[PDB]
Amino acid sequence: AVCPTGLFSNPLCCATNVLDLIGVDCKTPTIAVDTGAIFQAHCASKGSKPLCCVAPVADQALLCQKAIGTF
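Take the sequence shown: its letters are residues 1 to 71, numbered as in PDB author numbering.
Rendered as structure tokens:
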């Protein structure tokens, strides 16, 4: 899995991870992301970055972590 199970188990495409903890303008992937490369390429197509967050729904705010092996 691209995201660790538990707290940061939700893969989201976000503009940036403020202070490396707060995903901004996060959006749920529109295709299955089964590998880090696909995850990253898909988000990139949205001008975003692959982040693993606490919730599968982006309401703004939102605690996130960088997807392992990206950037």
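All residues carry an ideal CB built from backbone N, CA and C; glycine is no exception.
Take the Cβ of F39 as the centre, count every other Cβ of all protein chains shown within 10 Å, and call the residue buried at 16 or more, exposed below. Answer is buried; the Cβ neighbour count reaches 16.
For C26, the three-state DSSP class (helix, strand or coil): Coil at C26, not helix or strand.
Can you tell me where the beta strand (DSSP E) holding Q65 begins and where it ends? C64 to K66 is the span of the beta strand (DSSP E), which, as asked, contains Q65.
Using three-state DSSP, classify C3 as helix, strand or coil. In the structure shown, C3 sits in coil (DSSP, three-state: anything other than H, G, I, E or B).
Could you check if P56 is buried or exposed, using at least 16 other CB atoms within 10 Å of its CB as the buried criterion? Classification of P56: exposed, given that the 10 Å Cβ count is below 16.
Environment of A1 [buried if 16+ CB atoms lie within 10 Å]: Exposed is the call here.
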